[PDB]
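Residue strings, one per chain:
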Amino acid sequence: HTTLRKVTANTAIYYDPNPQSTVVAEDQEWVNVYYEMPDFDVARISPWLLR
Amino acid sequence: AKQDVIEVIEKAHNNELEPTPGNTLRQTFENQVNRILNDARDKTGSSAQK
Amino acid sequence: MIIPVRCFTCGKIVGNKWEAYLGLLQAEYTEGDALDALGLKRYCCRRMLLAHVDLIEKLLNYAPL
Amino acid sequence: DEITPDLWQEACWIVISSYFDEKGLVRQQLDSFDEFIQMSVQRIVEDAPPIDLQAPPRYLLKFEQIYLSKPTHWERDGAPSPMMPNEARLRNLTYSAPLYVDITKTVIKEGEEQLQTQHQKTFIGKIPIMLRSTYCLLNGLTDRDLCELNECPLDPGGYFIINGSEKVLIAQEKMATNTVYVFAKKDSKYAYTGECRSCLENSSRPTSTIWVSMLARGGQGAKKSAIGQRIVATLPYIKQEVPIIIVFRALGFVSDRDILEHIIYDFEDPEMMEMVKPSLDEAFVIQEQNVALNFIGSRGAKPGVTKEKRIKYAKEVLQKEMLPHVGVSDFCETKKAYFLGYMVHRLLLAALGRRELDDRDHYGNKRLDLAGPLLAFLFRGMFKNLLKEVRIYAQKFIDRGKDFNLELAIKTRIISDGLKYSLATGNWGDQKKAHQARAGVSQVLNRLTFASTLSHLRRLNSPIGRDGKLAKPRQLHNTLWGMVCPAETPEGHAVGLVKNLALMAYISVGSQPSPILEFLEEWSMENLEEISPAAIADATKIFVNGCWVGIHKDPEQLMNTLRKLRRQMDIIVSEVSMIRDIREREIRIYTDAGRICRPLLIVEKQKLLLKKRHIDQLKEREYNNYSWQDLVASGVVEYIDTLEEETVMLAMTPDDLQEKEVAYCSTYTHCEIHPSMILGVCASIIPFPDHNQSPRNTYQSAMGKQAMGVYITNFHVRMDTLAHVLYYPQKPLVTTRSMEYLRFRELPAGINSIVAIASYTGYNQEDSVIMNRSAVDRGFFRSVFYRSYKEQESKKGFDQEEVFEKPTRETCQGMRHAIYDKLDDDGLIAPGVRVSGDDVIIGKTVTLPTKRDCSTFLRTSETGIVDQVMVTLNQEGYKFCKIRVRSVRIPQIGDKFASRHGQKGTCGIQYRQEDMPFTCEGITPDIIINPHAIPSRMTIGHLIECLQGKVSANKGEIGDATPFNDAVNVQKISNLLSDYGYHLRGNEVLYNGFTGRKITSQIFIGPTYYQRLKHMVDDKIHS
Amino acid sequence: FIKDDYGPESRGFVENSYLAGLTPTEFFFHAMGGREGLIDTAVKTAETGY
Amino acid sequence: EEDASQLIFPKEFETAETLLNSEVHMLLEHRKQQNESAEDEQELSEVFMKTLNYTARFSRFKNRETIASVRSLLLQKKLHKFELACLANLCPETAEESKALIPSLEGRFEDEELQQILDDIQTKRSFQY
Amino acid sequence: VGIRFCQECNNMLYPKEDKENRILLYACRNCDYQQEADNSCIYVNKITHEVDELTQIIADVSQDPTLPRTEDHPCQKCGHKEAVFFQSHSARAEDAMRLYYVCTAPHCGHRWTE
Ligand SMILES: [Zn+2]
Ligand SMILES: [Zn+2]
Ligand SMILES: [Zn+2]
């Protein structure tokens, strides 16, 4: 039995005002292409994150 | 045996020692040192019997 | 309390040797040299004199009834 | 110049000789009692609350000073005749001294006229006096004077005589006070414990403990999970756990930033900051200080009916009940908060893992309570009750309007009987109080052997209750090195709970921290109240008896100055210890009593401070006005406690630190005088304990106490229920250097024996031994036995009373069939009469409403001759007598004999000299033991001791039994033996007594020291 | 022993036989090992008898 | 024909509720107080004095709050009334001790849960010093 | 990850988000004062917590006599041969085995790991 703790390295709660902001610079390259498809984006999205 | 233990300690000092997949570094080091000391007692003890 | 009369091992007399043993110690003689003078060749008898304690000395300090 | 290694062996033992000559073996017992009777008793009286009586007429009674006189005996005449310690034992009365207190009363009757009267030396009561103490009658007396008083000069004293019974206060280890400890328990609902029991100086109020716990992450909730882990602190008088943050608000730090300032010293570090964030959420709603005080008082033990009362109760609890040691006044809010923040800060380090959890078994975290500290707590019980008795007695008098005489108010029985009760039965406290008592302390002193008596006085007890239960007192810890003997421990279920103090180690008597506190002020030390919290980030914390004195800018310079003062016997006493926690920037100074520490040679720049000149003066220690205290004055040797030993480097011997091919450690701070001092009284007498197995060394500690021998010199004068004295107690052929200090050489408890290890006739199994009948007939192991019978004729009832007279068959109606010719006209058997079987030795009858015989017969059927008869008057004044029956026990097949190490062996069979296996020279071994014991339940030291004994006897020199002396070796001993025409290994050709043909195997024979154990067949069968 | 020492002598390895004699450090370590056996033996009899 | 180990005893005692040694001391104290001062009567019987000392000596709790807390804590469980006072009066150190002394507990109590109950009693019982 | 105090009452500034300007600003509750946050980060949490111990090691351990000293590894910015070394004191890193070196110079206080 393995939990997320044993497989996770670090976690943080970042703030992004708009969905396209992605204040984190490193992940901006890959999140953009994935987020192009409006999956769950039919309405407003909270500016919080649980990366 | 004493020199071998120092060599094992030196390997762990420099991070050269690699832990076994079934154990951690701290426990693995305690296992390797124990065998060296345990083996010496048995080998020396066996020679005493002869 | 006091030196035994004779060696417990063989039976050689050792009580009489105690008086001479102490006298020889104060005469600059070595602990083992005194035993040879008294004539204790066996190590069993030398034990009775070399490592003996005379407790009666301290008991005699107390006054009697 | 310097001590050469070839001379260090003799030099090291010389300094140890001076240490015991000046300090002694019972210095820890006497010192604590001296402190208790000199300052603690005065402090209790001085610190007593004022006595107030009201019902216009106001009476204020205060105790000015306490006067203590030397022990005296008060008979019916009442004259203050001196009471010798020996007289107390014979008369079966407590050895104690009167206690006198000055009482000054001020009375005002609302007439604007204040007048007072002086009561000089009010007979408050009496205090038992430890023997050989400052107030004892045998202090500073020469050996000649002690004999005149029928007291053994070699007896170290250090015990209390209660009702004729010698009692020793067993030291009880307790968790150290004014110290912060963080422990991890998996059973509690919270992850970590911020336990810190805080108490003022010696004791002004009962100890109060607060646990600043931290809730575990295991629990899950809507809001609990979000904040996660929060700190909760439980107050001593608050049933529920209140957040720690709210406490600071109650102190006065309303601002939230101030809370973080006191807890978090390093704002740059964010790891600790995040941990404190959740704790603020619970306390956030409480912003005002008054609300915080209201919040705490809500869950108080006795909440007030009105709202304002809740604030007052919380104010008193935090000010007085909480953290009494840091501050007791009303202007210590800043000081109290800083200590509270430190406890949280200590918790944060442990929670993050950057600080190792405190060790439960660490002796630095445990304090030892001796007769002084123990009796100090007891004295408060009676004194507090004494005020109540005065108050209650005066209460009925005051309301009536008439003055009350003090003579009736003060109760002597409570003070006298209160201390005497527990010291006799062993149950501490007050049996009236509805709580569980403390048994096992103030035990009957073991006078079977001198070594046993010394061990009992230095005996230690592990903590009981939650502290002991949680920890592992039985297991041997590393801190015991040089402080508590590892080998010595009773065998059984209570194994490791009871231990013995190390020979050189002693427990700090105690001192006032005021001189140390004043020292810091004149230096760069700055108090917390002056500095801002930001200055604590870089500076080092200074602690004095657990108090927050204040940080210091430079730790290195202050400690070097502090160390110099300690070595110079300046205002800082050598007893005081300073601890430098470098990894935590904490400097801890402890001055309270109960700290176990041992002397250590100081090493500077890899060079001993002890030079040849110091040893030269010690060699002439007599008639030169030079003692051990001078060594500490010169700074060559100081004392290191467990906490300071944590950060102090040690060297086994100078040879280790002088030079090495590869430098193991180039910075040595202290050097041990000799490692053998770790052994206790019973372990010290064992040669080659290193060669011996650990259980065998522990086993000997029990056997050594059970060994029979001369316990003291003044045995004839005293009367003891059990006392075994050996016919010929002979000092061993193989003796240890430490044996001299124990005085076991003067009073040994065994007789040497030429032991041949062979299986003769198969009459000795693993647990057995074969003796020589002829040797016993010459006095090989014979010993005397003394049993004291006591009886008193008291007028308990007016109609019926006891009397001493011959129970004649006619005048007496009820009697038991026995011979009564032994009794004399006075009903007491005169000395010199042989008594055997069931015989009356003292005549006593009761005049029931014709008299019924109630005499005392012999306890057993052993045949003995009465030695001496004593007739006295008990404390009640009734006639009281004691008689000692002396019997001679000849060793037989049932007696149990035990070597100095190994399991005791019963005498399987006794053989005459002819039947014993004689050697070529005609030396029949006195004792034959089973060779099959040596492998497992015995040690090679027996063979080595035999080899040393043979060389010692042959060469006429007492062998050295130092455990760690490289000079003595098995090969070296063998070479010496070969020079005297003997086998190098000690083997000899033994001719069998029955058949003269040579035995094929060459037996190993040597003079091994042996001792006779108290366990004898005659006692069991005669019962 | 120096801080953070994992050598044979530091951790309780006894390289000296009973005949030769144990070093002062080894004696205490030997006592610690023997103490555990005595405690186990004391409780073993109580539990086994039950 | 009655045995405490098997929970067999006269049916009359079933309705009765057990009392703790410390709690009984309070009841005896209340009886003692009124007799001593409230009414002028003969001195209390020797039996009353004997039990008063027994309760005081073995009193495991200081005040009513500690007694009530333990009573409430044990009431939440299915502990039988006979075991309620017996467990508190005995104060077993560990779960193993209680079952051997109290055979009934072994029937419906596990080695783990009961241990969490005895240790709670330890936190409540107050020591002299 | 850090903590900031307001200038009015010096109290905790919990993270708050506004729906009008769509900007995260650290706002106090009791006092109306609110300040914007430029870090745009609320907090971080390292599950493995592999934090370098060099910052934790204190430079004042050079004078420690108990800590072993080795001249094999000299200080980087001093050249002094003597250098005190020891293992990690953190319980979290107890599983790992590593050595941390500190310059023995009186005032350098340099910490490095090989
Ligand atoms: Zn002889
Ligand atoms: Zn604010
Ligand atoms: Zn440097």
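Above this text you will find the structure in question.
Counting starts from 1 on each chain and follows the sequence as written, independent of the entry's numbering; residues without coordinates are not shown. Written order determines the labels here, with chains lettered from A and ligands numbered from 1. Here the displayed chains are drawn from a larger assembly, and the quantities reported describe the displayed chains exclusively. Excluding hydrogens and water, the side-chain figures rest on all heavy atoms present in the structure.

Draft legend 1. The arrangement of the overall build of chain F in detail. Counting its regular elements, chain F contains 8 helices and 0 strands. Walking chain F from its N terminus toward its C terminus, one meets helices and strands in the order α-α-α-α-α-α-α-α. Each of the three principal axes of chain F carries a C-alpha extent, and together these read 55 × 45 × 20 Å. When burial is assessed residue by residue, chain F has 36% of its 129 residues classed as buried. Of the contacts made within chain F by residues no fewer than 6 positions apart, 60% connect residues no fewer than 24 positions apart. Counted as positive: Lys and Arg. Counted as negative: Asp and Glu. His and the chain ends are not counted at all. By convention, the point assigned to a charge is CZ for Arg, NZ for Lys, CD for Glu and CG for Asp. The averaged location of the 26 negative side-chain charges in chain F is 4 Å from the averaged location of its 16 positive side-chain charges. The helix and strand labels rest on DSSP assignments: H or I over at least four residues marks a helix, E over at least two residues marks a strand, and numbering proceeds from the N terminus. Exposure categories follow from relative accessible area, calculated using a 1.4 Å probe and restricted to protein chains: below 20% of the type maximum is buried, above 50% is exposed, and the middle band is partly exposed. Only heavy atoms matter for contacts: two residues are in contact if any of them lie within 4.5 Å across the pair.

Draft legend 2. Highlighting the interface of chain D and chain C. Facing 51 residues of chain D, the contacting portion of chain C comprises 30 residues. Basic side-chain nitrogens of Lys or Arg form a salt bridge, by our definition, when they fall within 4 Å of a carboxyl oxygen of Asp or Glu. Between the two partners, chain D and chain C, sit 3 salt bridges. Of the charged contacts in the structure, one is a salt bridge between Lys58 of chain C and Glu746 of chain D, with a shortest N-O distance of 3.2 Å. Pairs of N or O atoms are called polar contacts if they sit within 3.5 Å, as long as, within protein, a hydrogen donor faces a hydrogen acceptor (for residues adjacent in sequence, only side-chain-to-side-chain pairs). In this assembly, chain D and chain C are joined by 16 residue pairs in polar contact. Breaking the side of chain D that touches chain C down by element, the ones donating at least two residues are β27 (723–726), β29 (751–757), α27 (940–955) and β48 (1003–1012) of chain D.

Draft legend 3. Local environment of the side chain of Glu575 of chain D. All names here are of chain D. Among the secondary structure elements, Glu575 is positioned in the loop between α18 (555–567) and β22 (577–581). Despite its burial, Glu575 remains without a salt bridge, the nearest opposite charge being carried by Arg595 at 5.4 Å. A polar side-chain atom of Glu575 sits 2.5 Å from the main-chain amide nitrogen of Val509. For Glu575, the residues in contact, after removing those within four places along its chain, are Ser508, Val509, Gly510 and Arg595.

Draft legend 4. Examining the coordination of the zinc ion (ligand 2) more closely. Residues and elements named next belong to chain G. Listed donors are limited to N, O and S atoms within 2.8 Å of the metal, widened to 3.2 Å for Na, K and Ca; water is not among them, so incomplete-looking sites are possible. For the zinc ion (ligand 2), the full set of protein donor atoms is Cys6 (SG), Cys9 (SG), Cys28 (SG) and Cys31 (SG), at a range of 2.3 Å. Between 85 and 135 degrees for all angles marks four donors as tetrahedral; over 155 degrees for opposite donors together with 65 to 115 for all other angles marks four donors as square planar and six as octahedral; every other arrangement is irregular. Relative to the metal, the 4 donor atoms surrounding the zinc ion (ligand 2) lie at angles of 106 to 114°, and the coordination shape comes out tetrahedral. Written as a sequence motif, the donor residues of the zinc ion (ligand 2) are C-x2-C-x18-C-x2-C. With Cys6 in the segment before β1 (15–17) and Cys28 in the loop between β2 (24–27) and β3 (34–36), the pair connects residues that are 22 residues apart, well separated along the chain. Like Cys28, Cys6 is buried.

Draft legend 5. Local environment of the state of the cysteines. In what follows, a disulfide is any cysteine sulfur pair within 2.5 Å. According to the stated counting rule, one finds 0 disulfides over all chains in the structure shown. This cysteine, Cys682 of chain D, is not joined by any disulfide, and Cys485 of chain D carries the nearest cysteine sulfur, 8.3 Å off.

Draft legend 6. Here's a closer look at the coordination of the zinc ion (ligand 1). For the zinc ion (ligand 1), the protein coordination sphere consists of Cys7 of chain C (SG), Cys10 of chain C (SG), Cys44 of chain C (SG) and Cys45 of chain C (SG), at 2.3 Å. Judged by relative accessible area, which is 16%, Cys10 of chain C ranks as buried.

Draft legend 7. Region of interest: the sheet that holds strand β10 (residues 181–184) of chain D. Residue and element names in this part refer to chain D. Between any two strands, pairing holds if DSSP finds at least two bridges. Pairing in this open sheet of 5 strands is antiparallel, and the strands run β10-β11-β12-β13-β14 from one edge to the other. Pairing within the sheet leaves two strands with one partner each, and these edge strands are β10 and β14 (241–243). Strand-to-strand twist in this sheet, taken as the mean axis angle between neighbours without regard to direction, amounts to 30°. Bridging between strand β11 (residues 190–198) and strand β12 (residues 208–215) involves 6 bridges; their strand directions are antiparallel. The residue of β12 that forms the bridge with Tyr190 is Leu215. Note on geometry: axes are C-alpha line fits, over the in-contact stretch for helices, and angles between N-to-C directions span 0 to 180 degrees. Where helix α11 (residues 333–352) meets the sheet, its contacts fall on β10, β11, β12 and β13 (231–234), and the angle it forms with β12 comes to roughly 40°.

Draft legend 8. Molecular detail of the packing of helix α6 (residues 244–251) of chain D against α11 of chain D. All names here are of chain D. Put simply, α6 and α11 touch, their axes get as near as 10 Å, and they point 170° apart. With respect to their mutual orientation, α6 and α11 come out roughly antiparallel. Where α6 approaches α11, its residues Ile244, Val247, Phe248 and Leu251 are matched on the opposing element by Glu333, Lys336, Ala337, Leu340, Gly341 and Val344. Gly is placed with the polar residues, together with every amino acid not listed as nonpolar (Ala, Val, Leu, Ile, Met, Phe, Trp, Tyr, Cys and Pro) or charged (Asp, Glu, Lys and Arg). When grouped by side-chain class, the residues that make up the contact of α6 with α11 number 7 nonpolar, 1 polar and 2 charged. For classification, angles of less than 35 degrees are called roughly parallel, those exceeding 145 degrees roughly antiparallel, those between 65 and 115 degrees roughly perpendicular, and all remaining angles oblique.

Draft legend 9. Structural context of unusual backbone geometry. The backbone of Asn15 of chain B shows a phi angle near 70°, a positive value even though the residue is not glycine. Look at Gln606 of chain D: it is not a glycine, yet its phi comes out positive at around 55°. Summarising the element assignment, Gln606 of chain D is placed in the loop between β24 (596–602) and α19 (612–619). Since its relative accessible area comes to 25%, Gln606 of chain D is described here as partly exposed.

Draft legend 10. Inspection of the interface of chain E and chain B at higher detail. The partner chain B presents 7 residues to the 7 residues of chain E that form the contact. The term buried area means the drop in 1.4 Å probe accessible area that two parts suffer when joined, counted for both and summed. Together chain E and chain B conceal approximately 630 Å² of surface at their shared face, both sides included; 70% is due to carbon and sulfur atoms. A per-residue breakdown of the area chain E buries against chain B is headed by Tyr6, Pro8 and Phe13 of chain E, which together make up 76% of the total. Across the contact surface, chain E and chain B share 3 salt bridges. Our count for the chain E to chain B interface comes out at 2 residue pairs in polar contact.

Draft legend 11. Structural context of the arrangement of the chains. Across the 9 pairs of chains in contact, the largest number of contacts is found between chains C and D. Spatially, chain A and chain E are disjoint, and the shortest separation between their C-alpha atoms is 29 Å.

Draft legend 12. Expanded view of the packing of aromatic side chains. Residue and element names in this part refer to chain D. By convention, a stacked pair of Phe, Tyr or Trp rings (six-membered ring in the case of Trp) has centres within 6.5 Å and planes under 30 degrees apart, an edge-to-face pair has planes over 60 apart, and any other such pair is tilted. Counting across every chain of the model gives 42 aromatic pairs over all chains. Here the aromatic rings of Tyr19 and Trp628 are separated by 5.1 Å at their centres, their planes lie at 85°, and the arrangement is edge-to-face. There is no split in this pair, since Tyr19 and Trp628 are both buried. Through a chain of ring-to-ring contacts, the aromatic side chains of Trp13, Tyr19, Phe20, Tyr506, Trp628, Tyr639 and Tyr741 assemble into a single cluster.

Draft legend 13. Representation of helix α2 (residues 21–38) of chain F. The length a helix should cover is 1.5 Å for every residue beyond the first. With 18 residues, α2 of chain F extends 25 Å between its outermost C-alpha atoms, agreeing within 8% with the 26 Å of an ideal straight helix rising 1.5 Å per residue. Tucked inside the fold, the buried residues of α2 of chain F contact α3 (46–57), α4 (64–75) and α5 (81–90) of chain F.

Draft legend 14. Spotlight on a nonpolar patch on the surface. Residues enter patches when their relative accessible area tops 30% and they take part in no salt bridge; the joining distance is 9 Å for like charges and 5 Å for the nonpolar side chains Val, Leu, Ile, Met, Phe, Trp and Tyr. Reported accessibility uses the Shrake-Rupley method at a 1.4 Å probe radius. Residues are deemed covered only where the shown protein chains occlude them. Together, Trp30, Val33 and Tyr34 of chain A line one region of the surface with nonpolar side chains, adding up to about 400 Å² of accessible area. Structurally, the position occupied by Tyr34 of chain A is in helix α2 (residues 28–35).

Draft legend 15. Layout of the nonpolar core. Residue and element names in this part refer to chain D. In terms of nonpolar packing, the biggest core is built from 71 residues, with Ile16, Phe20, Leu610, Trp628, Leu631, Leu742 and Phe744 touching the most fellow members. Here this core gets 9 residues from one element, more than from any other, and that element is helix α1 (residues 5–22). Leaving out residues up to four positions away in the same chain, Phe744 has contacts with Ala451, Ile685, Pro732, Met739, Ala749 and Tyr1009. To define a nonpolar core, start from buried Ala, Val, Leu, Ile, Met, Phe, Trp, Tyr and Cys residues and group those joined through side-chain atoms within 4.5 Å.

Draft legend 16. Representation of a positive patch on the surface in the model. The grouping of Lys384, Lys388, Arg391 and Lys433 of chain D together with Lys62 of chain F at the surface amounts to a positive patch. Tracing the sequence through the fold places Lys62 of chain F in the loop between α3 and α4.

Draft legend 17. Structural view of the sheet that holds strand β16 (residues 443–444) of chain D. Residue and element names in this part refer to chain D. Pairing is antiparallel across the open sheet formed by 3 strands, whose spatial order is β7-β8-β16. One side of each edge strand has no neighbouring strand; the edge strands of this open sheet are β7 (160–162) and β16. Alignment of strand β8 (residues 165–168) against β16, held across 2 bridges, turns out to be antiparallel. Bridge pairing links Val168 to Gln443 in β16.

Draft legend 18. Structural context of the pattern of salt bridges. Counted according to the given criterion, the structure contains 72 salt bridges over all chains. We note a salt bridge from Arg745 of chain D to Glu740 of chain D, for which the minimum N-O separation is 2.5 Å. What makes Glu740 of chain D partly exposed here is its relative accessible area of 36%. Between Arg71 of chain F and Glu23 of chain F there is a salt bridge; the shortest N-O distance is 2.5 Å. Of this pair, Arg71 of chain F sits in helix α4 while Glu23 of chain F sits in helix α2, and the two are 48 residues apart along the sequence. Take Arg71 of chain F and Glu23 of chain F: they sit in the same class, and that class is buried. A single network of salt bridges, built from pairs that share partners, joins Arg89, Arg132, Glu151, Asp155, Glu166, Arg447, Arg718 and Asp720 of chain D.

Draft legend 19. Here's a closer look at helix α9 (residues 289–298) of chain D. Buried residues of α9 of chain D: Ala292, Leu293, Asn294, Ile296 and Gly297 of chain D, and no others. Where α9 of chain D is buried, its residues touch β14, α6 and α10 (307–321) of chain D.

Draft legend 20. Expanded view of the environment of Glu114 of chain G. Residue and element names in this part refer to chain G. Tracing the backbone shows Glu114 in the segment after β8 (111–112). With 14 residues separating them along the chain, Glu114 and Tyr100 place their C-alpha atoms 7.6 Å apart. Among the polar contacts listed, one links the side chain of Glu114 to the side chain of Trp112, at a separation of 2.7 Å.

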